[PDB]
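*Asks:* Mind looking over this structure? Questions follow.
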2 protein chains.
Amino acid sequence: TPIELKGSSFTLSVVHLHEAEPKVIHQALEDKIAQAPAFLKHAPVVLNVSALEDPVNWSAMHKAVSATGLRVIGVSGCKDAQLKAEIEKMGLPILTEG
Amino acid sequence: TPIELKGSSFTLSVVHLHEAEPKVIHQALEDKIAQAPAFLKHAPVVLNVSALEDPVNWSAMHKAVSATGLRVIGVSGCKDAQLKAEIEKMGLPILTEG
């Protein structure tokens, strides 16, 4: 009675990563935020990694994204075993699309 | 090309909180997680507070929920600017719920 568990859809902003170096991502997110500063400043985002080939230093990637003001709520599209196992270690949840 | 930002829909676990004491909520959550551990461990959750009432210690509730391993990524169905205000302090986003 105290809780109920449900499954519901939420639209979230997704950052689809295509290059891997944190600094390049930081610069690119900066430019993107400037396209709608009032909405994208401090926006909660999900990091999608489906299109990544090179390995990603996650702690460093998490800091580079966070430094732009964006707030990382988790990671999606992670279709690797180890890699998945990695992300979940720093308290970051894995999210899946509907 | 290094980045894309677009909205996507995500099917999420929503814990609907009802009238109660952080210890009780922590109790109820552990019992749910135990029934489906393979799926529920470190799951991302949204906390729906629409059924809560005037007095509620948000810091105590968030700590209790997080203690179960669940990863609170946002709050939904909020009903006052007070509680709301207390939520964005810790940087938790507010979500709208399908």
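Residues in the structure tokens are numbered from 1 in each chain, the chains being A, B, ... in the order shown, and ligands are numbered from 1 in the order shown.
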Hey, what's within 10 Å of residue 62 of chain A if we count only C-alpha atoms and toss same-chain stuff fewer than 6 positions away? As a PyMOL selection string, please?

*Replies:* chain A and resi 22+26+47+71-72+74+90+92

*Asks:* So that I have them on file, write out the residues from the current selection with N, CA and C atoms, as a PDB file, in the first residue's frame.

*Replies:*
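As written to disk, selection_11.pdb reads:
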```pdb
ATOM      1  N   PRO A  22      36.461  13.664 -24.636  1.00  0.00           N
ATOM      2  CA  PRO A  22      35.656  14.530 -23.761  1.00  0.00           C
ATOM      3  C   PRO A  22      35.709  16.009 -24.140  1.00  0.00           C
ATOM      4  N   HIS A  26      32.597  18.384 -25.046  1.00  0.00           N
ATOM      5  CA  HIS A  26      32.378  19.590 -24.254  1.00  0.00           C
ATOM      6  C   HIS A  26      32.158  20.803 -25.158  1.00  0.00           C
ATOM      7  N   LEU A  47      23.099  10.160 -22.065  1.00  0.00           N
ATOM      8  CA  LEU A  47      24.192   9.969 -23.010  1.00  0.00           C
ATOM      9  C   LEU A  47      24.020   8.668 -23.783  1.00  0.00           C
ATOM     10  N   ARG A  71      23.024  18.275 -17.042  1.00  0.00           N
ATOM     11  CA  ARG A  71      22.975  17.288 -15.970  1.00  0.00           C
ATOM     12  C   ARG A  71      22.737  15.877 -16.511  1.00  0.00           C
ATOM     13  N   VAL A  72      23.728  15.006 -16.333  1.00  0.00           N
ATOM     14  CA  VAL A  72      23.652  13.631 -16.814  1.00  0.00           C
ATOM     15  C   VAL A  72      22.809  12.738 -15.908  1.00  0.00           C
ATOM     16  N   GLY A  74      21.956   9.530 -16.948  1.00  0.00           N
ATOM     17  CA  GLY A  74      22.325   8.157 -17.240  1.00  0.00           C
ATOM     18  C   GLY A  74      22.813   7.920 -18.656  1.00  0.00           C
ATOM     19  N   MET A  90      29.670   3.889 -11.344  1.00  0.00           N
ATOM     20  CA  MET A  90      29.820   5.211 -10.852  1.00  0.00           C
ATOM     21  C   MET A  90      28.473   5.792 -10.486  1.00  0.00           C
ATOM     22  N   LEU A  92      25.757   5.570 -12.128  1.00  0.00           N
ATOM     23  CA  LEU A  92      24.987   5.952 -13.305  1.00  0.00           C
ATOM     24  C   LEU A  92      24.093   4.816 -13.770  1.00  0.00           C
TER      25      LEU A  92
END
```

*Asks:* Could I get chain A fitted onto chain B (least squares, all C-alpha atoms, in order) as a CSV table (one decimal) with N, CA, C and O atoms, in the first residue's frame?

*Replies:*
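As written to disk, selection-v2.csv reads:
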```csv
chain,number,residue,atom,x,y,z
A,1,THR,N,26.5,21.2,-35.3
A,1,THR,CA,26.9,20.0,-35.9
A,1,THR,C,27.3,19.1,-34.8
A,1,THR,O,27.1,17.9,-34.8
A,2,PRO,N,27.9,19.7,-33.8
A,2,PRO,CA,28.6,18.9,-32.7
A,2,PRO,C,27.6,18.1,-31.8
A,2,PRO,O,27.9,17.0,-31.3
A,3,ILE,N,26.4,18.7,-31.6
A,3,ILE,CA,25.3,18.1,-30.9
A,3,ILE,C,24.0,18.2,-31.6
A,3,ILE,O,23.8,19.1,-32.4
A,4,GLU,N,23.1,17.3,-31.3
A,4,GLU,CA,21.7,17.5,-31.7
A,4,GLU,C,20.9,17.3,-30.5
A,4,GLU,O,21.2,16.4,-29.8
A,5,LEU,N,19.9,18.1,-30.4
A,5,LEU,CA,18.9,17.9,-29.3
A,5,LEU,C,17.7,17.3,-29.8
A,5,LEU,O,17.1,17.8,-30.8
A,6,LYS,N,17.1,16.3,-29.1
A,6,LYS,CA,15.9,15.7,-29.5
A,6,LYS,C,15.0,15.4,-28.3
A,6,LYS,O,15.5,15.5,-27.2
A,7,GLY,N,13.8,15.0,-28.5
A,7,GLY,CA,12.9,14.7,-27.5
A,7,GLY,C,12.4,13.3,-27.8
A,7,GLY,O,11.8,13.0,-28.8
A,8,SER,N,12.6,12.3,-26.8
A,8,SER,CA,12.3,10.9,-27.1
A,8,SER,C,11.7,10.3,-25.8
A,8,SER,O,12.0,10.6,-24.7
A,9,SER,N,10.9,9.3,-26.0
A,9,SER,CA,10.2,8.5,-25.0
A,9,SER,C,11.1,7.4,-24.4
A,9,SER,O,11.7,6.7,-25.1
A,10,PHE,N,11.1,7.3,-23.1
A,10,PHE,CA,11.7,6.2,-22.4
A,10,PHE,C,10.8,5.7,-21.3
A,10,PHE,O,10.1,6.5,-20.6
A,11,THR,N,10.7,4.4,-21.2
A,11,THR,CA,9.9,3.8,-20.2
A,11,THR,C,10.9,3.6,-19.0
A,11,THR,O,11.9,3.0,-19.1
A,12,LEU,N,10.4,4.2,-17.8
A,12,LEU,CA,11.3,4.1,-16.6
A,12,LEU,C,10.4,3.5,-15.5
A,12,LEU,O,9.2,3.7,-15.5
A,13,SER,N,11.1,2.9,-14.5
A,13,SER,CA,10.3,2.4,-13.4
A,13,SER,C,10.0,3.6,-12.4
A,13,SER,O,10.9,4.4,-12.2
A,14,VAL,N,8.7,3.6,-12.0
A,14,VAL,CA,8.3,4.7,-11.2
A,14,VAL,C,7.9,4.2,-9.8
A,14,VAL,O,7.0,3.3,-9.7
A,15,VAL,N,8.4,4.8,-8.8
A,15,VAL,CA,8.0,4.6,-7.4
A,15,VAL,C,6.9,5.6,-7.0
A,15,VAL,O,7.3,6.8,-6.9
A,16,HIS,N,5.7,5.2,-6.9
A,16,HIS,CA,4.6,6.1,-6.5
A,16,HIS,C,4.5,6.1,-5.0
A,16,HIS,O,4.1,5.2,-4.4
A,17,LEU,N,4.9,7.3,-4.4
A,17,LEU,CA,4.9,7.4,-3.0
A,17,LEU,C,3.5,7.7,-2.4
A,17,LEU,O,2.8,8.6,-2.8
A,18,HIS,N,3.2,7.0,-1.3
A,18,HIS,CA,1.9,7.1,-0.8
A,18,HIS,C,1.9,7.4,0.7
A,18,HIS,O,1.0,8.0,1.3
A,19,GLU,N,3.0,7.0,1.4
A,19,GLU,CA,3.1,7.4,2.8
A,19,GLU,C,4.4,8.2,2.8
A,19,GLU,O,5.1,8.2,1.9
A,20,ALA,N,4.6,8.9,3.9
A,20,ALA,CA,5.7,9.8,3.8
A,20,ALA,C,6.8,9.5,4.7
A,20,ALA,O,7.8,10.3,4.7
A,21,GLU,N,6.9,8.4,5.4
A,21,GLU,CA,8.0,8.5,6.3
A,21,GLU,C,9.1,7.6,5.6
A,21,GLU,O,8.8,6.5,5.2
A,22,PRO,N,10.3,8.1,5.4
A,22,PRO,CA,11.4,7.4,4.7
A,22,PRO,C,11.5,6.0,5.1
A,22,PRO,O,11.7,5.1,4.3
A,23,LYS,N,11.5,5.7,6.4
A,23,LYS,CA,11.7,4.4,6.9
A,23,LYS,C,10.7,3.4,6.4
A,23,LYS,O,11.0,2.3,6.1
A,24,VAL,N,9.4,3.8,6.4
A,24,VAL,CA,8.3,3.0,5.8
A,24,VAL,C,8.5,2.8,4.3
A,24,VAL,O,8.2,1.7,3.8
A,25,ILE,N,9.0,3.8,3.6
A,25,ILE,CA,9.2,3.6,2.2
A,25,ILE,C,10.3,2.6,1.9
A,25,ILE,O,10.2,1.8,1.0
A,26,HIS,N,11.4,2.8,2.7
A,26,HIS,CA,12.5,1.9,2.7
A,26,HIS,C,12.1,0.4,2.8
A,26,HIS,O,12.5,-0.4,2.0
A,27,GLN,N,11.3,0.2,3.8
A,27,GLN,CA,10.8,-1.2,4.1
A,27,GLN,C,10.0,-1.7,2.9
A,27,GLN,O,10.1,-2.9,2.5
A,28,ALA,N,9.1,-0.8,2.4
A,28,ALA,CA,8.2,-1.2,1.3
A,28,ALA,C,8.9,-1.5,0.0
A,28,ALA,O,8.5,-2.4,-0.8
A,29,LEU,N,10.0,-0.8,-0.3
A,29,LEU,CA,10.8,-0.9,-1.5
A,29,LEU,C,11.6,-2.2,-1.4
A,29,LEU,O,11.8,-2.9,-2.4
A,30,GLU,N,12.0,-2.6,-0.2
A,30,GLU,CA,12.7,-3.8,0.1
A,30,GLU,C,11.9,-5.0,-0.3
A,30,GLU,O,12.3,-5.9,-0.9
A,31,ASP,N,10.6,-5.0,0.1
A,31,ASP,CA,9.7,-6.1,-0.2
A,31,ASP,C,9.4,-6.1,-1.7
A,31,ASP,O,9.4,-7.2,-2.3
A,32,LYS,N,9.3,-5.0,-2.4
A,32,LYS,CA,9.1,-4.9,-3.8
A,32,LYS,C,10.2,-5.4,-4.6
A,32,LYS,O,10.0,-6.1,-5.6
A,33,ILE,N,11.4,-5.1,-4.2
A,33,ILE,CA,12.6,-5.6,-4.9
A,33,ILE,C,12.7,-7.1,-4.9
A,33,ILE,O,13.1,-7.7,-5.8
A,34,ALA,N,12.3,-7.7,-3.7
A,34,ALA,CA,12.2,-9.1,-3.6
A,34,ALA,C,11.3,-9.8,-4.5
A,34,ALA,O,11.3,-11.1,-4.7
A,35,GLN,N,10.3,-9.1,-5.1
A,35,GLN,CA,9.4,-9.7,-6.1
A,35,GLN,C,10.1,-10.0,-7.4
A,35,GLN,O,9.6,-10.8,-8.2
A,36,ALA,N,11.2,-9.3,-7.7
A,36,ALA,CA,12.0,-9.6,-8.9
A,36,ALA,C,13.5,-9.1,-8.7
A,36,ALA,O,13.9,-8.2,-9.3
A,37,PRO,N,14.2,-9.8,-7.8
A,37,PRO,CA,15.5,-9.3,-7.3
A,37,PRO,C,16.5,-9.1,-8.4
A,37,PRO,O,17.3,-8.1,-8.3
A,38,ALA,N,16.5,-9.9,-9.4
A,38,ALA,CA,17.5,-9.8,-10.5
A,38,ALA,C,17.3,-8.5,-11.3
A,38,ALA,O,18.2,-8.0,-11.9
A,39,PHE,N,16.0,-8.0,-11.4
A,39,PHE,CA,15.7,-6.9,-12.2
A,39,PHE,C,15.7,-5.6,-11.4
A,39,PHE,O,16.0,-4.5,-11.9
A,40,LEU,N,15.3,-5.7,-10.1
A,40,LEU,CA,15.0,-4.5,-9.3
A,40,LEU,C,16.2,-4.1,-8.4
A,40,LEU,O,16.2,-3.0,-8.0
A,41,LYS,N,17.1,-5.0,-8.2
A,41,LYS,CA,18.3,-4.7,-7.5
A,41,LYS,C,19.0,-3.6,-8.3
A,41,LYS,O,19.2,-3.8,-9.5
A,42,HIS,N,19.4,-2.5,-7.7
A,42,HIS,CA,20.0,-1.4,-8.4
A,42,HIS,C,19.3,-0.8,-9.6
A,42,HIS,O,19.9,-0.2,-10.4
A,43,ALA,N,18.0,-1.0,-9.6
A,43,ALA,CA,17.2,-0.4,-10.7
A,43,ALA,C,17.2,1.1,-10.6
A,43,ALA,O,17.1,1.6,-9.5
A,44,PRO,N,17.3,1.8,-11.7
A,44,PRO,CA,17.1,3.3,-11.7
A,44,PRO,C,15.6,3.6,-11.6
A,44,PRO,O,14.8,3.0,-12.3
A,45,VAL,N,15.2,4.4,-10.6
A,45,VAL,CA,13.8,4.7,-10.4
A,45,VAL,C,13.5,6.2,-10.4
A,45,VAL,O,14.3,7.0,-10.0
A,46,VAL,N,12.2,6.5,-10.7
A,46,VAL,CA,11.7,7.9,-10.6
A,46,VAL,C,10.7,8.0,-9.4
A,46,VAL,O,9.9,7.1,-9.3
A,47,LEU,N,10.9,9.0,-8.6
A,47,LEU,CA,10.0,9.1,-7.5
A,47,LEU,C,8.8,10.0,-7.8
A,47,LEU,O,8.9,11.2,-8.0
A,48,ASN,N,7.6,9.4,-7.8
A,48,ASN,CA,6.4,10.2,-8.1
A,48,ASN,C,5.7,10.6,-6.8
A,48,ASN,O,5.5,9.8,-5.9
A,49,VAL,N,5.3,11.9,-6.7
A,49,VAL,CA,4.9,12.4,-5.4
A,49,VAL,C,3.4,12.9,-5.5
A,49,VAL,O,3.0,13.6,-4.5
A,50,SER,N,2.7,12.6,-6.6
A,50,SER,CA,1.4,13.1,-6.8
A,50,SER,C,0.4,12.8,-5.6
A,50,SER,O,-0.5,13.6,-5.3
A,51,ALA,N,0.5,11.6,-5.0
A,51,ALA,CA,-0.4,11.2,-4.0
A,51,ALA,C,0.0,11.5,-2.6
A,51,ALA,O,-0.5,10.9,-1.7
A,52,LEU,N,1.0,12.4,-2.5
A,52,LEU,CA,1.5,12.7,-1.1
A,52,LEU,C,0.7,14.0,-0.6
A,52,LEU,O,0.5,14.9,-1.3
A,53,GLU,N,0.4,13.9,0.7
A,53,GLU,CA,-0.2,15.0,1.4
A,53,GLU,C,0.7,15.6,2.4
A,53,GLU,O,1.0,16.8,2.4
A,54,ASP,N,1.2,14.8,3.3
A,54,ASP,CA,2.2,15.2,4.3
A,54,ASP,C,3.5,15.6,3.6
A,54,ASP,O,3.9,15.1,2.6
A,55,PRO,N,4.2,16.6,4.2
A,55,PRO,CA,5.4,17.1,3.6
A,55,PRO,C,6.5,16.1,3.7
A,55,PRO,O,6.5,15.3,4.6
A,56,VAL,N,7.5,16.1,2.7
A,56,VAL,CA,8.6,15.1,2.7
A,56,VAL,C,9.9,15.7,2.9
A,56,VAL,O,10.3,16.6,2.2
A,57,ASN,N,10.6,15.1,3.9
A,57,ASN,CA,12.1,15.5,4.1
A,57,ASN,C,12.8,14.8,3.0
A,57,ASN,O,13.1,13.6,3.0
A,58,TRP,N,13.2,15.6,1.9
A,58,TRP,CA,13.8,15.1,0.7
A,58,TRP,C,15.1,14.4,0.8
A,58,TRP,O,15.3,13.3,0.2
A,59,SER,N,16.1,15.1,1.5
A,59,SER,CA,17.4,14.5,1.6
A,59,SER,C,17.3,13.1,2.3
A,59,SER,O,17.9,12.2,1.9
A,60,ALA,N,16.4,13.1,3.4
A,60,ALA,CA,16.2,11.8,4.1
A,60,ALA,C,15.5,10.8,3.3
A,60,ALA,O,15.8,9.6,3.3
A,61,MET,N,14.5,11.2,2.5
A,61,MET,CA,13.8,10.3,1.6
A,61,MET,C,14.7,9.8,0.5
A,61,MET,O,14.6,8.6,0.2
A,62,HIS,N,15.6,10.6,0.0
A,62,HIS,CA,16.6,10.2,-1.0
A,62,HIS,C,17.5,9.2,-0.5
A,62,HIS,O,17.9,8.3,-1.2
A,63,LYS,N,17.9,9.3,0.8
A,63,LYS,CA,18.8,8.3,1.4
A,63,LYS,C,18.2,7.0,1.7
A,63,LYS,O,18.8,5.9,1.5
A,64,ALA,N,16.9,7.1,2.1
A,64,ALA,CA,16.2,5.8,2.4
A,64,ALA,C,15.9,5.0,1.2
A,64,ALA,O,16.0,3.8,1.2
A,65,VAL,N,15.6,5.7,0.1
A,65,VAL,CA,15.4,5.0,-1.2
A,65,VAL,C,16.7,4.4,-1.7
A,65,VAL,O,16.8,3.2,-2.1
A,66,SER,N,17.8,5.2,-1.6
A,66,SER,CA,19.1,4.8,-2.1
A,66,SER,C,19.7,3.6,-1.3
A,66,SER,O,20.4,2.8,-1.8
A,67,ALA,N,19.4,3.5,0.0
A,67,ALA,CA,19.9,2.5,0.8
A,67,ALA,C,19.3,1.1,0.4
A,67,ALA,O,19.9,0.1,0.8
A,68,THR,N,18.2,1.1,-0.3
A,68,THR,CA,17.7,-0.2,-0.8
A,68,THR,C,18.4,-0.7,-2.0
A,68,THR,O,18.2,-1.8,-2.4
A,69,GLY,N,19.3,0.1,-2.5
A,69,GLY,CA,20.1,-0.2,-3.7
A,69,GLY,C,19.5,0.4,-4.9
A,69,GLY,O,20.2,0.5,-5.9
A,70,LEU,N,18.3,0.9,-4.9
A,70,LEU,CA,17.7,1.5,-6.0
A,70,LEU,C,18.4,2.8,-6.3
A,70,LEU,O,18.9,3.5,-5.4
A,71,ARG,N,18.4,3.2,-7.6
A,71,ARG,CA,19.1,4.5,-8.0
A,71,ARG,C,18.0,5.5,-8.4
A,71,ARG,O,17.4,5.3,-9.4
A,72,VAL,N,17.9,6.6,-7.7
A,72,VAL,CA,17.0,7.7,-8.0
A,72,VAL,C,17.5,8.6,-9.1
A,72,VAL,O,18.6,9.2,-9.0
A,73,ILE,N,16.7,8.7,-10.2
A,73,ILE,CA,17.1,9.5,-11.3
A,73,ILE,C,16.4,10.8,-11.3
A,73,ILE,O,16.7,11.7,-12.1
A,74,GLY,N,15.4,11.0,-10.5
A,74,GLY,CA,14.6,12.2,-10.4
A,74,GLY,C,13.2,12.1,-9.8
A,74,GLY,O,12.9,11.0,-9.2
A,75,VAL,N,12.4,13.1,-9.9
A,75,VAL,CA,11.1,13.2,-9.3
A,75,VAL,C,10.1,13.6,-10.3
A,75,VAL,O,10.4,14.5,-11.1
A,76,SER,N,8.9,13.0,-10.2
A,76,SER,CA,7.8,13.4,-11.1
A,76,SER,C,6.5,13.7,-10.4
A,76,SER,O,6.4,13.4,-9.2
A,77,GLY,N,5.5,14.1,-11.1
A,77,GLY,CA,4.2,14.4,-10.6
A,77,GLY,C,4.1,15.6,-9.6
A,77,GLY,O,3.1,15.8,-8.9
A,78,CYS,N,5.2,16.3,-9.5
A,78,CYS,CA,5.3,17.4,-8.5
A,78,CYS,C,4.5,18.6,-9.0
A,78,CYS,O,5.0,19.4,-9.9
A,79,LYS,N,3.4,18.7,-8.5
A,79,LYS,CA,2.5,19.7,-8.9
A,79,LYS,C,2.4,20.8,-7.8
A,79,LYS,O,1.3,21.4,-7.7
A,80,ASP,N,3.5,21.1,-7.2
A,80,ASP,CA,3.6,22.2,-6.2
A,80,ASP,C,4.7,23.1,-6.6
A,80,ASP,O,5.5,22.7,-7.4
A,81,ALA,N,4.6,24.4,-6.2
A,81,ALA,CA,5.6,25.4,-6.6
A,81,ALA,C,6.9,25.4,-5.8
A,81,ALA,O,8.0,25.2,-6.3
A,82,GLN,N,6.7,25.5,-4.5
A,82,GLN,CA,7.8,25.5,-3.6
A,82,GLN,C,8.5,24.1,-3.6
A,82,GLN,O,9.7,24.0,-3.8
A,83,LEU,N,7.7,23.1,-3.5
A,83,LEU,CA,8.1,21.7,-3.4
A,83,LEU,C,9.0,21.4,-4.6
A,83,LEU,O,10.1,20.8,-4.5
A,84,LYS,N,8.5,21.8,-5.8
A,84,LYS,CA,9.3,21.6,-7.0
A,84,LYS,C,10.6,22.3,-6.8
A,84,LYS,O,11.7,21.8,-7.0
A,85,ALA,N,10.6,23.6,-6.4
A,85,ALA,CA,11.7,24.4,-6.2
A,85,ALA,C,12.7,23.8,-5.3
A,85,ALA,O,13.9,24.0,-5.4
A,86,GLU,N,12.2,23.0,-4.3
A,86,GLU,CA,13.0,22.3,-3.3
A,86,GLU,C,13.9,21.2,-4.0
A,86,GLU,O,15.1,21.3,-4.0
A,87,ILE,N,13.2,20.2,-4.6
A,87,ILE,CA,13.8,19.0,-5.2
A,87,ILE,C,15.0,19.4,-6.1
A,87,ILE,O,16.1,18.8,-6.0
A,88,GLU,N,14.8,20.4,-7.0
A,88,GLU,CA,15.8,20.7,-8.0
A,88,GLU,C,17.1,21.2,-7.4
A,88,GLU,O,18.1,21.3,-8.0
A,89,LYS,N,17.1,21.6,-6.1
A,89,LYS,CA,18.2,22.1,-5.3
A,89,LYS,C,19.3,21.1,-5.0
A,89,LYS,O,20.5,21.5,-4.8
A,90,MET,N,19.0,19.8,-4.9
A,90,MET,CA,19.9,18.8,-4.5
A,90,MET,C,20.4,18.1,-5.8
A,90,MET,O,20.9,17.0,-5.7
A,91,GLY,N,20.3,18.7,-6.9
A,91,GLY,CA,20.8,18.2,-8.2
A,91,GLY,C,19.8,17.2,-8.8
A,91,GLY,O,20.2,16.6,-9.8
A,92,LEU,N,18.7,17.1,-8.2
A,92,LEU,CA,17.7,16.2,-8.7
A,92,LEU,C,16.8,16.8,-9.8
A,92,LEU,O,16.1,17.8,-9.5
A,93,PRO,N,16.7,16.3,-11.0
A,93,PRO,CA,15.9,16.8,-12.1
A,93,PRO,C,14.4,16.5,-11.9
A,93,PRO,O,14.1,15.5,-11.2
A,94,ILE,N,13.6,17.3,-12.4
A,94,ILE,CA,12.1,17.0,-12.5
A,94,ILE,C,11.8,16.3,-13.8
A,94,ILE,O,12.2,16.8,-14.8
A,95,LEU,N,11.1,15.2,-13.7
A,95,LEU,CA,10.7,14.5,-15.0
A,95,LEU,C,9.2,14.6,-15.2
A,95,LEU,O,8.5,14.7,-14.2
A,96,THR,N,8.8,14.6,-16.5
A,96,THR,CA,7.4,14.7,-16.8
A,96,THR,C,7.0,13.5,-17.8
A,96,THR,O,7.8,13.2,-18.6
A,97,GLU,N,5.9,12.9,-17.5
A,97,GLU,CA,5.4,11.8,-18.4
A,97,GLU,C,5.0,12.3,-19.8
A,97,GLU,O,4.9,13.5,-20.0
A,98,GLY,N,4.9,11.4,-20.7
A,98,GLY,CA,4.6,11.8,-22.1
A,98,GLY,C,3.1,12.2,-22.2
A,98,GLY,O,2.3,11.6,-21.5
```

*Asks:* Could you go through chain B and tell me which residues DSSP, when run on the backbone, assigns to helix (DSSP H, G or I), listing them as JSON, numbers by chain?

*Replies:* {"B": [22, 23, 24, 25, 26, 27, 28, 29, 30, 31, 32, 33, 34, 35, 37, 38, 39, 40, 58, 59, 60, 61, 62, 63, 64, 65, 66, 81, 82, 83, 84, 85, 86, 87, 88, 89]}

*Asks:* DSSP on the backbone: which residues in chain B end up as strand (DSSP E or B)? Give the answer as a PyMOL selection string.

*Replies:* chain B and resi 3-17+44-48+71-76+94-95
